[PDB]
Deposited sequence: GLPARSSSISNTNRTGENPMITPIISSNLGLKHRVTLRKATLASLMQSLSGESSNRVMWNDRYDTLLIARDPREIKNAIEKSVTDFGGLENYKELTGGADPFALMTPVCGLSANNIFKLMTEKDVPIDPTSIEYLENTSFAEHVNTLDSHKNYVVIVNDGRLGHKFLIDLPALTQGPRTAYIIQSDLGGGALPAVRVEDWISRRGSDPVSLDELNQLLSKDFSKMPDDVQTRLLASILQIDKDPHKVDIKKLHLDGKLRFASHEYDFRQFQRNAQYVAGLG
């Protein structure tokens, strides 16, 4: 099969489009209760204009809101990226709210993968309380891939989703290594084991030195949720966003 080649092309063409106004806005809107592909680039733009008008103009909006021009192309934080890309992959005609879906708390990653169906595609959304980090694990029909973004500030360095995708988005990651990360046990692992796993799974250069386990919240809660997806449908949804 040629799923991986197509997946790479699909993710590529999608990422390239994101420097385009309408594509960026539809991709990284944070309303999760309607179909992502139903997001209208002019509706969103009107909403921003309105919001700015309400704050007495752009100058004043920026002054009160931190300095951000809300018209600018967005570099998504990890939650916004994970949520939206999850939406894009799983949605057909029924809105999926990734913030409202049920998450698993008392089952390990190995437990769950073993129960998933073999000829089906799944994407897993991970909320890692130890890293303070959301990211996706893609499981096409075993082999896994990481989709993520990161503004930094925690154990891991900043990484734009575009860069991550381009350099590591098709980099198969070990299920085995993945289980060791996604485990209550991970918190009490030696500094170098932790560092090594983080770099290996989540750092763009596989580099221990860019990781800082002193920023881990060791009493963190690990939660994740998986969802089946139609691969062709994922391509559909991606093509739509890229085509704006």
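Coordinate coverage of the deposited sequence breaks at 1 to 31, 173 to 177, 281, these segments carrying no C-alpha atoms.
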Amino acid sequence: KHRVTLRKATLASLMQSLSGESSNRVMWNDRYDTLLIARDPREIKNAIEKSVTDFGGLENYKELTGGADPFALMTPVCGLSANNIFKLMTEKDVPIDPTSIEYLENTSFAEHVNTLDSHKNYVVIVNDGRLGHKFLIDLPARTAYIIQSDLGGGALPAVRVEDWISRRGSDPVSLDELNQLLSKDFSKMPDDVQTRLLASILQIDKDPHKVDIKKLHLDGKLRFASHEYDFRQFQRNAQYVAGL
From here on, numbers count along this sequence of modelled residues.
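Stretches compared: 177 to 185, 33 to 41. Higher mean C-alpha B-factor in the entry: 177 to 185. Relative to one another, 158 to 166 and 67 to 75 have unequal mean CA B-factors, and 67 to 75 is the one with the higher figure. The entry assigns its greatest Cα B factor, within the set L151, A141, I137, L116, to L116. Among the modelled residues of its chain, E102 has a C-alpha B-factor that falls in the highest third according to the deposited record. Among the modelled residues of the chain, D171 sits in the highest third by CA temperature factor in this PDB entry. When the CA B factors of the chain's modelled residues are split into thirds, the value for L80 lands in the lowest one. Per the deposited record, the Cα B-factor of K92 falls in the lowest third when ranked against the other modelled residues of its chain. In the deposited entry, the Cα temperature factor of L222 places it in the highest third of its chain's modelled residues.
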